[PDB]
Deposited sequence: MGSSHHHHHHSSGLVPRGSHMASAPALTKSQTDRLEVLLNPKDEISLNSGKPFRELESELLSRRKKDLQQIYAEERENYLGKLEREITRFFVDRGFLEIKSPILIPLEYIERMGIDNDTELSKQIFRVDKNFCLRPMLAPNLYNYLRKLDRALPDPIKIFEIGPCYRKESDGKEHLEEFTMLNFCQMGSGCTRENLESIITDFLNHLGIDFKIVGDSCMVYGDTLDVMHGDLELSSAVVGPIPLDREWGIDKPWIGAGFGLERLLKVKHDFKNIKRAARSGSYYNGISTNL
């Protein structure tokens, strides 16, 4: 009569956060199976959009409408960028890098390429320079509950005039209130964290910082990186971040093993 742990795990895979003892496993499972197939049928009949693609489109519109230039830069980057970011073997991230070939890696962050664009664009664009990128990033991780090895970052930045902590907090606040995500900014160049409960949604920086010089910067700047799968996890109340990932196993949080 009591469900086994295995049976409970199985049912939890099929449980949407929205769902609301007695019946056997086969019955509980059968109920959940037809609910999930119905959810997928409804997606297919109406909207047809993937959550992660749709979030990316919504965030792009948010930033484009606020004067930020949309960037798409390489995902496979020179290994030299990692060192140049100050990620020496004395840091946590140095062990988390997926290397490709002798000279390349999968980007673990958007910073290097956005530094390069800020430098280059300063030669062409009026002050302030406002840019952002959304795209895949990669880190080896132990955790599986709040972490993915393949994830998606948003990074926005501004360089020149108006690069204040007040302006930075205001962008973050307008951003998260637009998405409808509850948050807290925590802090004391300047570095702050945007938290949902104990989940880190973003880390943000008020520059200048000494690293800028390695990238040829020399102007004040503000910026923040957010993980889109964490935003989805929070917004859709997914218990595990795997429901928000690029995946063959979940589609918009619905199990595909039906």
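- The deposited chain is incompletely modelled, with C-alpha atoms absent over 1-24, 45-48, 217-221.
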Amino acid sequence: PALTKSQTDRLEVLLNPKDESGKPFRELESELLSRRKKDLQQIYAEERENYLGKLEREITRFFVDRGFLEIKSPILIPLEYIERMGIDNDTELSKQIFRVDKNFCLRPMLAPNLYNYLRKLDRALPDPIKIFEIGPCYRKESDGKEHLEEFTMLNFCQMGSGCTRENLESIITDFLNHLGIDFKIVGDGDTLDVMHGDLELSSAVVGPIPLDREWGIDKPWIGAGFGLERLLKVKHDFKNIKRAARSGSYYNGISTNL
From here on, numbers count along this sequence of modelled residues.
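- Gaps at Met159 occur in none of the other compared entries of the protein that contain both adjacent residues, all of which model it rather than a third dropping it.
- Of the other compared PDB entries of this protein that include residues on both sides, all give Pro112 atoms, none of them, and so not a third, leaving it without.
- Look at the C-alpha B-factors of 149-157 and of 85-93. On average they run higher in 85-93.
- If you average the C-alpha B-factors over 62-70 and over 28-36, the higher value belongs to 28-36.
- Of the residues listed, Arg10, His236, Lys23, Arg243, the entry assigns the biggest Cα temperature factor to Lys23.
- Among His178, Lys130, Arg107, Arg99, the highest C-alpha B-factor recorded in the PDB entry belongs to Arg99.
- When the modelled residues of the chain are ordered by their C-alpha B factor, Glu200 lands in the middle third.
- When all modelled residues of the chain are sorted by CA temperature factor, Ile217 is found within the highest third.
- Among all modelled residues in its chain, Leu52 ranks in the lowest third by Cα B-factor.
- The entry lists a Cα temperature factor for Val186 that places it in the highest third of the chain's modelled residues.
- When the modelled residues of the chain are ordered by C-alpha B-factor, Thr173 sits in the lowest third.
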